[PDB]
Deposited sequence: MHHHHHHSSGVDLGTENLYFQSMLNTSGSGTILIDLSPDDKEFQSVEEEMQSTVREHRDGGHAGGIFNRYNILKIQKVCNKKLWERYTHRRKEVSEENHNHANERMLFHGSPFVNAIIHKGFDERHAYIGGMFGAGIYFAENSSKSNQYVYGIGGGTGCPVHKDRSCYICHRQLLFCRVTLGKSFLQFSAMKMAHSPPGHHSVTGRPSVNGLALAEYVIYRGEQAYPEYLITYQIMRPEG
């Protein structure tokens, strides 16, 4: 049921999604090991992901969360990076998209920093990099990220350097506690709490 609609670069919606992508790049403590070395992206395409069944599944769960949290879904737009982007946009987030070994347990992880999500496009730790050149810093190969609508509800705050949310919570927030420039990361434990709104196709750009 999924259809992908291309956004024009002239469309204010393309422009606002690109700006979120570029402006949330940071440097990473791995010196670029996982995601590559870059300060910005070449955005090749932004597509809107339309699936009525998946949207309705999202909004049903969103209303449930809202009603459990004083009518406040605490909805965010966050990035997700995964080698499984094609399954996600066709069948929704589910248990197969969980990061079993994550710092906050087996859940589906999202980031404010697009460059954090970029570290996961080719697998955990960047895997072996692009399939064509086996390069985690490949500047040729097209990469994809999702920019997603995520319901956090009441989020459990973790200060830090398939499972369940903590009792009475709907998500977990990983607050950055040493790296002063890192933005927050978030984990949900139910696939229905996220909708993959935008598919962004890009390259990382080699710094000059």
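For this chain, the deposited residues without C-alpha positions form the stretches 1-29, 191-192, 240, given in sequence order.
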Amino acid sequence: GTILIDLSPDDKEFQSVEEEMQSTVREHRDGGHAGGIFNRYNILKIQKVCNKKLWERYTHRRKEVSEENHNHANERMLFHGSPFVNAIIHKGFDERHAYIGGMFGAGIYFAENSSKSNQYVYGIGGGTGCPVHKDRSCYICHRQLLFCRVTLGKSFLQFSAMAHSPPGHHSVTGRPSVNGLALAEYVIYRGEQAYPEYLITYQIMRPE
From here on, numbers count along this sequence of modelled residues.
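We call the rigid core the largest set of C-alpha positions that still match within 1.5 Å between the two forms.
Structural divergence in 9 other deposited structures of this protein between 168-176 and 143-151: following superposition by the core, 168-176 has C-alpha atoms lying farther from the shown form. Once the structures in 9 other deposited structures of this protein are superposed via the core, the pair 93-101 and 113-121 is resolved in favour of 93-101 as the more displaced stretch (C-alpha RMS). In none of the other PDB entries of this protein that model the residues around it does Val65 lack coordinates, well short of a third. Per the records, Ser160 is among the residues left out by at least a third of the other compared entries, whereas the shown structure includes it.
The deposited model assigns a higher average Cα B-factor to 99-107 than to the other stretch when 99-107 and 77-85 are compared. For the pair 179-187 and 149-157, the record assigns the higher mean C-alpha temperature factor to 179-187. For the set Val172, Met162, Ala34, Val65, the PDB entry puts the maximum C-alpha B factor at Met162. Note on the listed residues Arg143, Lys53, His70, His28: the highest Cα temperature factor in the record is that of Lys53. In the PDB entry, a CA B factor belonging to the highest third of its chain's modelled residues is recorded for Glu13. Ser114: CA B factor in the lowest third of modelled residues in this chain (values from the PDB entry).
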